[PDB]
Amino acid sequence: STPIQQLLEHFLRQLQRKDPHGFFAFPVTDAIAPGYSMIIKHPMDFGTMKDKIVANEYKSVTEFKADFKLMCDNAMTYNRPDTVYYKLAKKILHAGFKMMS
């Protein structure tokens, strides 16, 4: 594991601690979220992010942060402002970015 891989594994562990229900742990299915794949062009989740780290698909912290933001943006797009996923996505976006400086 390269230095970037190690740093990103650290960040991912800390980010996932902010999602204790694991709402962002795995891809959203259309079964749980009707029409999701039609509304969200580029899905993302922490599990996919983990696989990308292990496959050495991130070459910068900027790339990793963009996937994190994509995941949060997707939750803020499909879900309405009032809602649990929207609020958590917005919360962890800000805290996570701060955490990753």
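The first residue of the sequence shown is number 1, and the count goes up from there.
As the entry records it, the average C-alpha temperature factor is higher for 79-87, out of 20-28 and 79-87. For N74, the recorded CA B-factor ranks within the lowest third of the chain. Only modelled residues enter the ranking.
Compared with the other modelled residues of the chain, the Cα B-factor recorded for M44 ranks in the lowest third. Per-chain ranking of the deposited C-alpha B factor places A66 in the lowest third.
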